[PDB]
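Okay, so here's just one chain, in structure tokens, the form solved without Dimethyl fumarate.
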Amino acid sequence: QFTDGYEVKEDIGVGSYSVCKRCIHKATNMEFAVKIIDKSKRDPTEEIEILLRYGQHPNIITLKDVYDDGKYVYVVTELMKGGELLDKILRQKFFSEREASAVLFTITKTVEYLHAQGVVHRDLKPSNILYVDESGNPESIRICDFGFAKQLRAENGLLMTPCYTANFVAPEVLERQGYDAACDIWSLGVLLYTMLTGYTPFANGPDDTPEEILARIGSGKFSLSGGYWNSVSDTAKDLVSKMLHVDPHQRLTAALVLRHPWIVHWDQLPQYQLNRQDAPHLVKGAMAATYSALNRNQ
């Protein structure tokens, strides 16, 4: 009885396992997004329980309603009307370090919360961090698409957080959750690198092969020097180098990112424009190529 309460409008995204559409709540005229998931092709139970428990976070996409008609599950959420955060920030020619730090603070506070509750997102690409409206302020940021996220659970399967280690979990999955949480931070490091310079750390555009992108990720070195970087703060460059550390064990955690001087002393950061490449569509293609390369064994 979704179509009893909601008028369905056009596709916002099509996927192999679901379609996302705009819809209108009939009685109130308010607009929403609906993710329609094929129950034969995918089981969305984990995703819905995470949204139910954690969607009241101000910066996580909020669940408004859910239906199941047997063949499809309908997950109604707030509609993102401000577009993609990275793309909107790359198209702002006067964006500054100080605004970049405020944005990373808001996203990283949200990921610190999720990791502390035992939830890893595992798909934190730019295309899943969006603005709910065009106000441009930090309260409008949303982490979206928890269709790959996982809640930590102990050996007997009870829901756990990484502090309650007084029930047995195989150090196995404790190490795998540590790795997925460190991948979330690496993704935030790729976001920050691109926000500061207007280009991606491991790909130049959509035609980079997956093998050349993976060889750059593996080298453990990247440029924090030269035209677009030279003028960025050394503290920003230090933070970026530690979030993109090639060794997942030595990578900063979300907790430690939030203690970095570049986040803590935001009031001392420059408010004049960054010197960046202006090629937001090229970045979109580089970022799709980077995550296609990395996710090719799912």
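Quick note: we count residues from 1 along the sequence shown, nothing fancier. Shifts are known only where both forms have a C-alpha. Rigid core: the largest C-alpha set superposing within 1.5 Å between the two forms.
Enquirer: Would 237 to 245 or 47 to 55 have the larger average of its C-alpha temperature factors, as given in the entry?
Expert: Per the deposited B-factors, the answer is 47 to 55.
Enquirer: Between 109 to 117 and 169 to 177, which has the higher average C-alpha B-factor in the PDB entry?
Expert: That would be 169 to 177.
Enquirer: Name the one of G157, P210, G198, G82 with the greatest CA B-factor according to the PDB entry.
Expert: Top of the list by C-alpha B-factor: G157.
Enquirer: Give the position of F146 by CA B-factor within its chain, expressed as the lowest, middle or highest third.
Expert: For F146, the deposited C-alpha B-factor lands in the middle third.
Enquirer: By the record's CA B-factor, is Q277 among the lowest, middle or highest third of residues in the chain?
Expert: Its C-alpha B-factor, which the entry lists for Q277, ranks in the middle third among residues of this chain.
Enquirer: Taking the entry's C-alpha B-factors for this chain, is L252 in the lowest, middle or highest third?
Expert: CA B-factor rank for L252: middle third.
Enquirer: Going by the recorded CA B-factors, say which third of the chain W266 sits in, lowest, middle or highest.
Expert: It falls in the middle third of the chain.
Enquirer: Looking at the temperature factor on the CA atom of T194, which third of the chain's modelled residues does it land in?
Expert: Lowest third, going by the recorded CA B-factors of the chain.
Below: the form solved in complex with Dimethyl fumarate, not depicted.
Enquirer: Is Dimethyl fumarate close enough to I60, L114 and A286 in the deposited bound form that each of the three has a heavy atom within 4.5 Å of it?
Expert: Not a single listed residue reaches Dimethyl fumarate in the deposited bound form, so no.
Enquirer: Considering Dimethyl fumarate in the deposited bound form, which of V66, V232, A33, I50 comes within 4.5 Å of it through any heavy atom?
Expert: Spelling it out, the residue with a heavy atom inside the cut-off is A33.
Enquirer: Would you kindly say which of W186, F105, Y199, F95 lies with a heavy atom within 4.5 Å of Dimethyl fumarate in the deposited bound form?
Expert: Looking at the other structure, the residue within range turns out to be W186.
Enquirer: Counting only heavy atoms and a 4.5 Å cutoff, which of 95 to 103, 74 to 82, 223 to 231, 205 to 213 contacts Dimethyl fumarate in the deposited bound form?
Expert: Comparing against Dimethyl fumarate in the deposited bound form, the contact stretch is 74 to 82.
Enquirer: Is there any non-hydrogen atom of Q177 lying within 4.5 Å of Dimethyl fumarate in the deposited bound form?
Expert: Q177 lies outside the contact set for Dimethyl fumarate.
Enquirer: Examine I12 and determine whether its closest non-hydrogen atom to Dimethyl fumarate in the deposited bound form is within 4.5 angstroms.
Expert: Yes, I12 sits close enough to Dimethyl fumarate in the deposited bound form that at least one of its heavy atoms falls within 4.5 Å.
Enquirer: Should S127 be classed as touching Dimethyl fumarate in the deposited bound form when contacts are defined as heavy atoms within 4.5 Å?
Expert: Yes, contact at 4.5 Å.
Enquirer: Quick one: does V169 come within 4.5 Å of Dimethyl fumarate in the deposited bound form, counting heavy atoms only?
Expert: No.
Enquirer: Could you run down 40 to 59 and flag each residue that has a heavy atom within 4.5 Å of Dimethyl fumarate in the deposited bound form?
Expert: None of them.
Enquirer: Shifts of 2 Å or more in the Cα, rigid core superposed between the shown form and the other one, apply to only one of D207, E212, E155, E134; name it.
Expert: The residue that shifts is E155.
Enquirer: What parts move between the shown form and the other one when you lay the two on the core: runs of 3+ residues, each CA off by 2 Å or more?
Expert: Moving region between the shown form and the other one: 155 to 157, nothing else.
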